[PDB]
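Next up, structure16.pdb (PDB, C-alpha atoms):
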ATOM      1  CA  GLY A1848     -33.376  79.877  43.749
ATOM      2  CA  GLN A1849     -32.462  76.878  41.628
ATOM      3  CA  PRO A1850     -32.111  74.006  44.128
ATOM      4  CA  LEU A1851     -28.790  72.213  44.264
ATOM      5  CA  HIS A1852     -30.525  68.888  44.853
ATOM      6  CA  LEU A1853     -32.178  67.170  41.950
ATOM      7  CA  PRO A1854     -35.811  66.098  42.465
ATOM      8  CA  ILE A1855     -36.726  62.487  43.111
ATOM      9  CA  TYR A1856     -38.484  60.577  40.330
ATOM     10  CA  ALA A1857     -41.765  58.777  40.921
ATOM     11  CA  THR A1858     -42.309  55.061  40.356
ATOM     12  CA  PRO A1859     -45.382  54.327  38.205
ATOM     13  CA  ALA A1860     -48.272  52.318  39.588
ATOM     14  CA  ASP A1861     -48.769  48.621  38.985
ATOM     15  CA  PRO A1862     -51.543  47.705  36.516
ATOM     16  CA  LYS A1863     -54.231  45.247  37.527
ATOM     17  CA  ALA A1864     -54.468  41.816  35.891
ATOM     18  CA  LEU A1865     -58.105  41.291  34.928
ATOM     19  CA  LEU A1866     -59.055  37.702  35.646
ATOM     20  CA  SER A1867     -62.193  35.769  34.768
ATOM     21  CA  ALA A1868     -63.671  32.821  36.636
ATOM     22  CA  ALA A1869     -65.279  29.984  34.681
ATOM     23  CA  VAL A1870     -67.455  27.635  36.732
ATOM     24  CA  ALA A1871     -69.886  24.884  35.784
ATOM     25  CA  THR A1872     -73.263  23.852  37.190
ATOM     26  CA  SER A1873     -74.817  20.478  37.978
ATOM     27  CA  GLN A1874     -78.370  19.885  36.789
ATOM     28  CA  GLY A1875     -80.021  16.717  38.039
ATOM     29  CA  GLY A1876     -80.802  13.957  35.568
ATOM     30  CA  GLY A1877     -84.303  12.857  34.698
ATOM     31  CA  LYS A1878     -85.792   9.567  35.821
ATOM     32  CA  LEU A1879     -87.939   7.257  33.752
ATOM     33  CA  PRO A1880     -91.686   7.438  33.080
ATOM     34  CA  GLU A1881     -94.010   4.571  33.857
ATOM     35  CA  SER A1882     -94.027   1.291  31.957
ATOM     36  CA  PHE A1883     -97.206   1.212  29.891
ATOM     37  CA  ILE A1884     -97.840  -2.082  28.120
ATOM     38  CA  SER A1885     -99.225  -2.200  24.580
ATOM     39  CA  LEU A1886    -100.914  -4.617  22.202
ATOM     40  CA  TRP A1887     -98.091  -4.999  19.753
ATOM     41  CA  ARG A1888     -95.450  -7.685  19.583
ATOM     42  CA  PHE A1889     -91.768  -6.919  19.567
ATOM     43  CA  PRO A1890     -90.705  -6.147  15.935
ATOM     44  CA  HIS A1891     -93.494  -3.693  15.091
ATOM     45  CA  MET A1892     -92.978  -1.691  18.264
ATOM     46  CA  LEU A1893     -89.220  -1.868  17.685
ATOM     47  CA  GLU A1894     -89.465  -0.459  14.156
ATOM     48  CA  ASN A1895     -91.905   2.198  15.385
ATOM     49  CA  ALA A1896     -89.505   3.320  18.112
TER      50      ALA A1896
ATOM     51  CA  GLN B 633     -85.468  44.610  34.683
ATOM     52  CA  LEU B 634     -84.094  41.809  36.845
ATOM     53  CA  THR B 635     -82.323  40.151  33.949
ATOM     54  CA  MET B 636     -80.460  43.390  33.270
ATOM     55  CA  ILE B 637     -78.646  43.365  36.599
ATOM     56  CA  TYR B 638     -77.696  39.754  35.898
ATOM     57  CA  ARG B 639     -76.212  40.855  32.600
ATOM     58  CA  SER B 640     -74.451  43.936  33.939
ATOM     59  CA  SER B 641     -73.167  42.363  37.145
ATOM     60  CA  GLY B 642     -71.243  39.547  35.497
ATOM     61  CA  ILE B 643     -71.767  37.151  38.396
ATOM     62  CA  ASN B 644     -71.408  33.466  37.621
ATOM     63  CA  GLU B 645     -74.343  31.111  37.832
ATOM     64  CA  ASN B 646     -73.554  28.985  40.885
ATOM     65  CA  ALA B 647     -73.002  31.895  43.268
ATOM     66  CA  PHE B 648     -76.183  33.405  41.830
ATOM     67  CA  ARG B 649     -78.070  30.255  42.889
ATOM     68  CA  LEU B 650     -76.405  30.601  46.284
ATOM     69  CA  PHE B 651     -77.482  34.228  46.582
ATOM     70  CA  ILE B 652     -81.132  33.672  45.743
ATOM     71  CA  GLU B 653     -81.368  30.473  47.774
ATOM     72  CA  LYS B 654     -79.704  31.940  50.884
ATOM     73  CA  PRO B 655     -80.008  35.743  50.932
ATOM     74  CA  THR B 656     -79.255  35.944  54.659
ATOM     75  CA  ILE B 657     -75.698  34.643  54.378
ATOM     76  CA  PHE B 658     -74.926  37.671  52.194
ATOM     77  CA  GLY B 659     -75.921  39.989  55.030
ATOM     78  CA  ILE B 660     -79.629  40.666  54.504
ATOM     79  CA  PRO B 661     -81.675  40.208  57.709
ATOM     80  CA  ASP B 662     -82.855  36.612  57.857
ATOM     81  CA  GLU B 663     -86.336  35.197  57.205
ATOM     82  CA  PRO B 664     -86.806  31.671  55.765
ATOM     83  CA  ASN B 665     -87.427  32.046  51.995
ATOM     84  CA  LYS B 666     -89.265  35.353  52.547
ATOM     85  CA  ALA B 667     -86.298  37.656  53.183
ATOM     86  CA  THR B 668     -86.162  39.034  49.682
ATOM     87  CA  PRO B 669     -83.528  41.341  48.227
ATOM     88  CA  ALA B 670     -85.176  43.994  46.116
ATOM     89  CA  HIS B 671     -83.749  45.584  43.035
ATOM     90  CA  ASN B 672     -82.517  48.463  45.221
ATOM     91  CA  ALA B 673     -78.974  49.831  44.908
ATOM     92  CA  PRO B 674     -77.502  48.601  48.274
ATOM     93  CA  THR B 675     -78.360  45.054  47.271
ATOM     94  CA  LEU B 676     -76.818  45.728  43.883
ATOM     95  CA  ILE B 677     -73.452  46.966  45.099
ATOM     96  CA  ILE B 678     -72.969  43.985  47.420
ATOM     97  CA  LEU B 679     -73.631  41.514  44.588
ATOM     98  CA  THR B 680     -71.205  43.516  42.476
ATOM     99  CA  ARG B 681     -68.515  43.359  45.167
TER     100      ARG B 681
END

So, in terms of structure tokens, how does the structure I just supplied come out?
Amino acid sequence: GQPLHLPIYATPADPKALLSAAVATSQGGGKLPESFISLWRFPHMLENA
Amino acid sequence: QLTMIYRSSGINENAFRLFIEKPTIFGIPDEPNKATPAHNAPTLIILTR
């Protein structure tokens, strides 16, 4: 009962290549607040800022 | 709870914005900004896919 033919040999499966996706988002920029005038002249307000 | 599916799903941020902003295009029945996906499992597996 030993077969004369030799058995066929299986081919192993292909492994999966794990891949990541890196995307970026776009947040909208902020606008300016309102111009509020003050009492001070230029150099004092400049140094303060 | 709802942050945990965001952690475990691994979806990127832009498609997540797309999913919340337009749930109907991902196959939920449509209703304008009222058609809400729950935290049920059929609307987990489709995000995962």

Just need the box for region 1848-1858 of chain A, edges along x, y and z, holding every atom the file lists for it with 3 Å tacked onto each side, so centre and edge lengths in Å to one decimal, as JSON.
{"center_x": -35.5, "center_y": 67.5, "center_z": 42.6, "size_x": 19.5, "size_y": 30.8, "size_z": 10.5}

Which residues of chain B have any atom within 12 Å of an atom in chain A when counting only C-alpha atoms, and what is the closest pair of atoms for each, with the distance in Å to one decimal? Order the rows by chain and rising number and write it as JSON lines.
{"residue": "B:642", "atom": "CA", "partner": "A:1867", "partner_atom": "CA", "distance": 9.8}
{"residue": "B:643", "atom": "CA", "partner": "A:1868", "partner_atom": "CA", "distance": 9.3}
{"residue": "B:644", "atom": "CA", "partner": "A:1870", "partner_atom": "CA", "distance": 7.1}
{"residue": "B:645", "atom": "CA", "partner": "A:1872", "partner_atom": "CA", "distance": 7.4}
{"residue": "B:646", "atom": "CA", "partner": "A:1872", "partner_atom": "CA", "distance": 6.3}
{"residue": "B:647", "atom": "CA", "partner": "A:1870", "partner_atom": "CA", "distance": 9.6}
{"residue": "B:648", "atom": "CA", "partner": "A:1872", "partner_atom": "CA", "distance": 11.0}
{"residue": "B:649", "atom": "CA", "partner": "A:1872", "partner_atom": "CA", "distance": 9.8}
{"residue": "B:650", "atom": "CA", "partner": "A:1872", "partner_atom": "CA", "distance": 11.8}

Please produce an output containing C-alpha atoms for each residue in the selection, written as a PDB file, in the frame of the given file.
ATOM      1  CA  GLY B 642     -71.243  39.547  35.497  1.00  0.00           C
ATOM      2  CA  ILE B 643     -71.767  37.151  38.396  1.00  0.00           C
ATOM      3  CA  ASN B 644     -71.408  33.466  37.621  1.00  0.00           C
ATOM      4  CA  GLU B 645     -74.343  31.111  37.832  1.00  0.00           C
ATOM      5  CA  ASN B 646     -73.554  28.985  40.885  1.00  0.00           C
ATOM      6  CA  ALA B 647     -73.002  31.895  43.268  1.00  0.00           C
ATOM      7  CA  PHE B 648     -76.183  33.405  41.830  1.00  0.00           C
ATOM      8  CA  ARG B 649     -78.070  30.255  42.889  1.00  0.00           C
ATOM      9  CA  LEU B 650     -76.405  30.601  46.284  1.00  0.00           C
TER      10      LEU B 650
END

Figure out the distance between CA of residue 653 (chain B) and CA of residue 669 (chain B), please, to one decimal in Å.
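About the pair CA of residue 669 (chain B) and CA of residue 653 (chain B): they are 11.1 Å apart.
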
How many Å separate CA of residue 679 (chain B) from CA of residue 1863 (chain A)?
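We find that CA of residue 679 (chain B) and CA of residue 1863 (chain A) lie 21.0 Å from each other.
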
How far is it from CA of residue 1866 (chain A) to CA of residue 676 (chain B), in Å with one decimal?
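CA of residue 676 (chain B) lies 21.2 Å from CA of residue 1866 (chain A).
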
Kindly indicate which residue among B:634, B:680, B:641, B:652 lies nearest to residue 664 (chain B), using all atoms listed in the file for the distances.
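Comparing B:634, B:680, B:641, B:652 against residue 664 (chain B), the winner is B:652.
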
Selection result for the PyMOL selection byres ((chain B and resi 671) around 12) on this file, as a PyMOL selection string
chain B and resi 633-638+668-670+672-679
